[PDB]
Structure formats: C-alpha cells, structure tokens
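Undergrad: Following this message is one structure expressed as structure tokens.
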Amino acid sequence: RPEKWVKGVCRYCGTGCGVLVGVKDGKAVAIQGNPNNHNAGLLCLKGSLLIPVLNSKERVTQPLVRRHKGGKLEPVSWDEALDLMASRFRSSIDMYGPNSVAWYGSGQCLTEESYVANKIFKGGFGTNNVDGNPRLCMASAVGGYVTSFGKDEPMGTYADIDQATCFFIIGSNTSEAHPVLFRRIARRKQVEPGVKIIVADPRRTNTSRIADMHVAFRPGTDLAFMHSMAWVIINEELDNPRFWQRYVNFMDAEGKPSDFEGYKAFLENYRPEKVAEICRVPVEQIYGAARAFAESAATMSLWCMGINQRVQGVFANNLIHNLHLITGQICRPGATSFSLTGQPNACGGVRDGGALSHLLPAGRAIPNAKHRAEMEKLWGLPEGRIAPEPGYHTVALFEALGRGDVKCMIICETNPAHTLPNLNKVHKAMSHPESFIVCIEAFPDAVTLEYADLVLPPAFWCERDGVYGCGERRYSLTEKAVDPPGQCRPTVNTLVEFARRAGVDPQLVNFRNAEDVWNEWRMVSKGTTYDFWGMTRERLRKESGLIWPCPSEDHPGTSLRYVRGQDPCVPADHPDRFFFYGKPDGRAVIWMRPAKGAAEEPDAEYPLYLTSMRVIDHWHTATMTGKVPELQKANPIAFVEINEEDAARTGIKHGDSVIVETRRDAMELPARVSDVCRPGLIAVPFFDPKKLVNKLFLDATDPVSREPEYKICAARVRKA
Ligand SMILES: Nc1nc2c(c(=O)[nH]1)N[C@H]1C(S)=C(S)[C@@H](COP(=O)(O)OP(=O)(O)OC[C@H]3O[C@@H](n4cnc5c(=O)[nH]c(N)nc54)[C@H](O)[C@@H]3O)O[C@H]1N2
Ligand SMILES: Nc1nc2c(c(=O)[nH]1)N[C@H]1C(S)=C(S)[C@@H](COP(=O)(O)OP(=O)(O)OC[C@H]3O[C@@H](n4cnc5c(=O)[nH]c(N)nc54)[C@H](O)[C@@H]3O)O[C@H]1N2
Ligand code: SF4
Ligand SMILES: [Mo]
C-alpha cells in the first residue's frame, strides 16, 4: 500500500501518458495514470505493468569491461571505467581528430542526458558525430514538416482528436502502438457516430475495426493514392481556394516554384482509375477517402512508420500535408496534420534538442554559420569550435565504425545490434577488432552488450529525474521515486564526469544534476520558435506537462501553432490569422513529389513484399517488457504473417515452419496464415532476440532524412 505518489511519465510509447508511482517508503508498489495529464488517469496494459520492470533484479548493477575482443565481460571499478573511457576518447581525438569518436543515443534518453551528450561531443570535442535511434524513426517526419512548414513538430495536439470529424490514419497501427490514443479516437467516434475514419495500411490490424474504410494498398503505392485523393478533391471542387491562394505556394516535380494550375496538371498523372490498379484497390476507395477527407467539417491525419520508414519517407509526409493544405484542414480545432512520434522522447530529446548529426539545439542547423556562431556564444566556446560539416547519420556512422574511421563510440539506451537494418553487415562493423564501444545499458540481456568493450550501469526510468517530450510538444517531468540499485548512477552525472576526465573544459559540463542542465537548455531555447523558458522546474513539478511554445512563466503553453492569438511566435498584430513563419513569406508549401516505390521491389526471384511491425504486448527488443510475465501470454515468440490467398497457392498451412528469405539472409519462422497481410505481402515482428529479423531487411535510406526503409524489402517463402 503506497505512502507517496511520485508524478512521472510512462517509460514506453510516444503517447506520453502521465503516470503516478506509488512508493511504500523505499520501494515502488503501485502505479496509476496521472489524472491531470492528457491521458486523464488511463494507461494501457504495458504502462500498468511498469512496476515489475522497475523492480526487476535482472539489471546491470556494476561497471563491466571486456579486456580483449571476444573475451569474458568482468567487473571493474567505476573509477577505472571512467578513466578508461576518458583516456581512449581523448587519445583518439589527439591522434586522429574529433571525427574518430561518436555518440549513438536515443529518444528514450531524458532530454537533459541528450543535451549533455550533444554539447560534449559538439562544443567540447568539436565533432558533430552525434546521432540516435530517432533517425530510424522520425527523421522522415522532421523532413516532411521542415520542407512543408519550415519548422519541425506537429502544429496541433492530442486534443484535436476530440473535435475531428474525419481521421485519415495511414501507416499507423494505432491500437497496438499508441493504445491510449486509439482509445481516444474510438471514443470520439462513439460520442459522435457521424465521425468517419479511413485506415490506410497494407495490413488489416485491430486499428481498422473502428474504420469506415480500410484501404489495403500495395506496399509503397501510398504516394500515388494520396496524389489521387488530391486529384479527386480538386476535380470535385472540394478544395479551399480562400486558404491556399493566401497561404500556400506550390512546387513542381523538379522542386521549382509553380502554381495551382501546375498542381492540377501534375495531378493528371494520378487519376483514380489508373491509381486504383497501381495500388491494387477498388477505385471507390480513392473517391471515398478523398470525399470523407474534404467534405468533413474537420479532418485530422495521423501516421506512423508505414509512412516514415521509407526511401520516399519525406515525400509521403509532404503528400499528407498537401491534402491539408489544399483543403485548409489545418490551424483550427479538429483539423491538423499529425505525425505520431513512436518514442517517449524522440521529440523533446533528439529533435528539439538537435541531438542529430546535422542539427544544433532549438531548430538550429550545423551548415548555418550564424547558428554555429549563436551556439558558440551561448555555450561559451572559442570561435569555430563547432565543426561546419554534419557528422555521420546513423547508417553512415555504423559504416564508419566498420571502416575504423570511428574508433570510439558511446551507445546509450538503444540496442543497435538488434534494431539497426541489415544486421549481418552491422554486426561485422560492430566487431571491428580495434573499435572501442562503451554501452550505457540497464538490462544485461540486450544483445548489443555482446559487442561492448565497457558497460556502465545506469539509473533506470524514475530512479532519477528528467524531462520527456512526447508527440504533442508536451514537456513532462518525471521526478525520482526510488533509488538506483547497486552501483547504478544517473547518466547525466556519468556524462559530466566522463567529460571532465576526457579533457573537456569544466565550464562546459557545469551541472550537478538534471535540473541544472534544464535551466541552461531553457536558456538555449529563449527567443527561438521552440522557446520554453516559462517551463521552470517548479512549474514542471506542479503541472502534468506543458506544451511549447511556453516563453514566460505566466504563459500557459501553446496548442495551436501558426495561429494568430494562439501562438506567441505570431505577432499579436500580424495582418493574417495564420502565419507559417518557418517560411520566408509565411506560406506553407505543397510539393509535387513524384511517386516511385521501394528501394528493393519484389521480382521473379523474391516475389513478395516483406514488412516488419509492432505487437501491443512487446516494446521493441523486449529487454524491459520481457520481464513482465503477463505480456508473454499471447505472442511469446516471433512468427511470419502470410496472406490466406498466398498461403493456399504457395502450399503453406497455418502453423507450418517456413523459411523467409531475402537477398541478405534466410530465417525459419512459424507461419500465421490470415487476412491481415493483403496478398503479395508477409510481415515479421522484431521483438524476438532468437529471430533477429533485421538481418533480412535492406539498408536503403531516404536520401534526405536518412531514415531506413524497414517497412519494405523483397522476400520469398517456402515450407521448411
Ligand atoms: N507495444 C508497442 N508499442 C509501440 C512500440 C513498441 O515497440 N511496442 N514502439 C513505439 C515506437 S518507437 C514507434 S516508432 C511507434 C510506431 O508504431 P506504428 O508505426 O504505428 O507501428 P508499426 O507496426 O511499425 O506500424 C506500421 C504499419 O505500417 C504498415 N505499412 C507497411 N508498409 C506500408 C506502406 O508501404 N505504406 C503505409 N502507409 N503503411 C505501411 C504496417 O503494415 C503496419 O501496420 O510505435 C510505438 N508504440
Ligand atoms: N525491422 C524493424 N526494425 C526496427 C523498426 C521496425 O519497425 N522494423 N523500428 C525502428 C524504430 S521506430 C525504433 S524507435 C528502433 C528502436 O529500437 P532500440 O532503441 O534499439 O530498442 P529498445 O528496446 O527500446 O532499446 C532501448 C534499450 O534501452 C535499455 N534501457 C532501458 N532503460 C535504460 C536506461 O535508463 N539507461 C540505459 N543506458 N539503457 C536503458 C534497454 O534495456 C534496451 O536495450 O527500432 C527500430 N528498428
Ligand atoms: S499508451 Fe503508451 S505512454 Fe500510454 S500507458 Fe500505453 S505504452 Fe505508456
Ligand atoms: Mo520509433
């Protein structure tokens, strides 16, 4: 029975549910949803079963070191570990320059931890080799928002779910991936049965059971589909000229200035009857989706990896925004283009904090000299300290590691040997005989540890305080509830000490705790369109999150970005009601992106599309949810989804052990025959360690966002 309730944030998905941890003095005994956060006291099963994870004894509790490659990992002193880390890094820089070292973090790191590691590597060591797992996830969405709007992050919030009359949910298994959000959507349609829901996804998931229409298009053909929708919208005069004539600019297929007539001319290449067959769907779906979208009083789009993990990821994102831009379904309650963020802090930590290889904090960019100067000034650095060239993006980083270009790397709160694409190649790279890899990891079963040279024990989740920035621009504090076990220390501290010992000027890592970094980061944001200066620690302790922009302590936060009278970044006296200030002329942009396909399409030899997806019970690599026995009762191990019509003709029965094979590897999996995967598609989950499916997937990335195409590759199947 709890004596105190410590306010936090769920450790899992980007829905970012507020949580209250009940501690019976010393130990966490219960957990309940924070009634004051957006989730209003509700949590899904994974969140509900957080305590068994926090109290698990199967943790990394003391530093470990592997004296030599291929050898046993053994205990080592914290002091001996920090000196080892600092000497190896400093030497590498002294010998080969900053670009020989790198930081590979994640959207699961507290904002404060990502900010510190970013600053160390960029302002301290002078290398921009700072990336993270959000590159495997939200990079395409960032690209989409910056190219369409000139600023990252959604312009709306979760609250828009309550006023939308239409939901266009594409490339998102919302029920299994953002449970609390799916419930809020299902609730909306229950309160108002008139609400229409279109679910576009090659797979028929539980998300489609509340859908008015399920568009099961051929993998990769959604750009054609969405262009077709705009064709219909224009053709049936369902567009909003009063809006686009005043707030939109058009760009042709070659990226040059164009106009409405050019948009119409381009769209002629995407007529419904032609696209319906490209997409392998009934032509009525194109008309229906378009009409529901444009005729509705307020439409909201929501999408996830099915859109982002694509070589055309940034373009697919632009197409979704085009729909809202041509119809004016934006900047009003219930109407917005809402990218769903997968991780708890891919937003606050990596995106907003600029902890990616080409970024600087608060929407600054490495290639921009005024930005580099601005940062050198804020961080008290000597002119020119920040390298002008962006560092390696994730896939390139592990490639550099495999070549010996990157000799020292810190992997923190991610499991790359399990989750990076094209594993066989990645494993070879991580096995470089002369590399020095330091893993900050909470659970010993993470496969990446088999590659680590030094393992450091971190304080897990609420064992320390920190901020998480979820998908709706909401910044929420998680206060420390219990003490870290064994020798576990807060990564914020471990970083500050690693820096000092590595030679970094002490004025740079001038932090005792997370609150100290929050105050500097608060300063670094001041004046920018991210400005969250009003989010003091005290306000964050008392509030269940605040949504930025939040400039002064007396400012309530912002739900409607780009809207006069709502967004503080839009002059009180701006002449127009909307202002897309991320663009020089205040106008958003519609892009006539040509629809292509996957990097590796099916052919004679490998006739099927292979996709990979989430399952509600398991969180990623399962080093955390794998400790909760209840979560293992439905899908204990991996399987391969095969379509009914394909199985029959292929001669495969349900339960059969089948070999899924791509050009990169073959893996045996039990077949799960159903109508989930449309014909010509198979799907594998990645939660099982004994079945590392990323060994099957290709390594191609969107040339702009550099996000890998985990969603599509070519395969062949056979009975084992
Ligand atoms: N239980 C649980 N929840 C999670 C996670 C977890 O590990 N476990 N992860 C969190 C994280 S990091 C993230 S990024 C989110 C992501 O969550 P989602 O992206 O919603 O989950 P996925 O299974 O990857 O869903 C992608 C969907 O894209 C489909 N798809 C495949 N090919 C295409 C295509 O060509 N076009 C389109 N439009 N769709 C396509 C798939 O069939 C699948 O249904 O989930 C979050 N939620
Ligand atoms: N085929 C395929 N591959 C994919 C995807 C896909 O859809 N298909 N999705 C991709 C996407 S969106 C993502 S987000 C990535 C994510 O994939 P990863 O980030 O690699 O997966 P996680 O299991 O979340 O890794 C987090 C690690 O943090 C550890 N950890 C937990 N708490 C702490 C802590 O406090 N400190 C430290 N140091 N470690 C801690 C865990 O034990 C675990 O090893 O996977 C990607 N890979
Ligand atoms: S919906 Fe996401 S943030 Fe909310 S309790 Fe579930 S896993 Fe946690
Ligand atoms: Mo993600």
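Its first residue numbered 9, the sequence shown is counted upward by one per residue in the working numbering. The beta-carbon is built from N, C-alpha and C at its ideal position, and this holds for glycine as well.
(1) So, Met237 versus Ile294, is the Cβ gap smaller than 8 Å?
(2) Is there at least one non-hydrogen atom of ligand 3 closer than 7 Å to the beta-carbon of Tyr483?
(3) List in chain order the residues whose CB is within less than 5 Å of at least one heavy atom of ligand 3.
(4) Would you say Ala232 touches ligand 1, meaning its beta carbon is less than 7 Å from a heavy atom?
(5) Taking the beta carbon of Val403 as the centre, do at least 16 other beta carbons fall within 10 Å, making it buried, or is it exposed?
(6) Can you give me the start and stop residues for the alpha helix (DSSP H) that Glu384 sits inside?
(7) Using only the alpha-carbon positions, how far apart do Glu649 and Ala354 sit?
(8) For the 8 Å Cβ check, are there 3 or more pairs between the region 215-232 and the region 567-580?
(9) May I have a chain-ordered list of the beta strand (DSSP E) segments no shorter than 3 residues that lie completely inside the region 465-507?
(10) With hydrogens ignored, establish whether the beta-carbon of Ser180 is closer than 7 Å to any heavy atom of ligand 1.
(11) Can you tell me whether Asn376 is buried or exposed, with buried defined as 16 or more other CB within 10 angstroms of its CB?
(12) With distances taken from CA atoms, which of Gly314, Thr335, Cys287, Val322 is nearest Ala306?
(13) Relative to the alpha-carbon of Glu653, which residue among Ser682, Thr631, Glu717 has its alpha-carbon at the smallest distance?
(14) Rounded to the nearest angstrom, what separates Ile169 and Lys272 at their Cα positions?
(15) Is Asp581 buried or exposed, if buried means 16 or more other CB atoms sit within 10 Å of its CB?
(16) For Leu389 and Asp453, what's the separation of their Cα atoms in angstroms?
(17) With a CB to CB cut of under 6 Å and the five nearest residues on each side skipped, what residues in its chain are close to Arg601?
(18) Would a check of beta-carbon distances place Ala343 closer than 8 Å to chain D?
(19) In terms of alpha-carbon separation, which member of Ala722, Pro514, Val17, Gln495 lies closest to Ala612?
(20) Can you tell which of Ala691, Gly357, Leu118 has the C-alpha that lies nearest to the C-alpha of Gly16?
(21) Compute the distance between the beta-carbons of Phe175 and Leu310, then report whether it is under 8 Å.
(22) In the structure shown, what three-state DSSP assignment does residue 729 receive?
(23) Three-state secondary structure (DSSP) at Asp654?
(24) Looking at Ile624: is its Cβ nearer than 8 Å to the Cβ of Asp696?
(25) Is it the case that the CB of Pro564 approaches a heavy atom of ligand 1 more closely than 7 Å?
(26) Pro83 by DSSP, collapsed to three states: which one?
(27) Judging by CA-CA distance, which residue of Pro201, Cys287, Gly30, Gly79 is the nearest neighbour of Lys604?
(28) Bridge partners for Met308 per DSSP, in chain order?
(29) Any chance the CB of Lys604 is under 7 Å from a heavy atom of ligand 1?
(30) Just how far apart, CA to CA, sit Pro162 and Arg482?
(31) Inspect the beta-carbon positions of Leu189 and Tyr166 and report whether they are closer than 8 Å.
(32) Could you tell me which of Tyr255, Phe694, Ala728, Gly594 sits nearest to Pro678, measuring between CA atoms?
(33) Is the beta carbon of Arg508 sitting closer than 8 Å to the one on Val517?
(34) Give me the Cβ distance between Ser156 and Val597, rounded to the nearest whole Å; I'm assuming they're in contact under 8 Å.
(35) Helix, strand or coil: how does DSSP classify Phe258 here?
(36) Identify which residue in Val73, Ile39, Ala172 has its Cα closest to the Cα of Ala343.
TA: Considering the structure as presented:
(1) yes
(2) no
(3) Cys18, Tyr20, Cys21, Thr23, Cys25, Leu51, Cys52, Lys54, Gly55, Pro187, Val188
(4) no
(5) buried
(6) Where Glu384 is concerned, the enclosing alpha helix (DSSP H) stretches over 377-386.
(7) One C-alpha to the other measures close to 29 Å.
(8) no
(9) If we require 3 residues or more, the beta strand (DSSP E) runs fully inside the region 465-507 come out as 474-477, 482-486.
(10) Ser180: yes, Cβ under 7 Å from ligand 1.
(11) exposed
(12) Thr335
(13) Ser682
(14) Straight-line spacing of the CA atoms in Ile169 and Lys272 works out to 31 Å.
(15) exposed
(16) 40 Å
(17) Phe323, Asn326
(18) Given the protein chain composition of this structure (a single chain), no chain D is represented.
(19) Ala722
(20) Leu118
(21) yes
(22) Since the displayed the chain opens at 9 and closes at 728, residue 729 lies outside it and no answer follows.
(23) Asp654 carries a helical assignment under DSSP once its states are collapsed to helix, strand and coil.
(24) no
(25) no
(26) strand
(27) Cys287
(28) Beta-bridge analysis with DSSP links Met308 to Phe175, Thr344.
(29) no
(30) In a straight line, the C-alpha of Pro162 is about 11 Å away from that of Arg482.
(31) yes
(32) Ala728
(33) yes
(34) 6 Å
(35) strand
(36) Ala172
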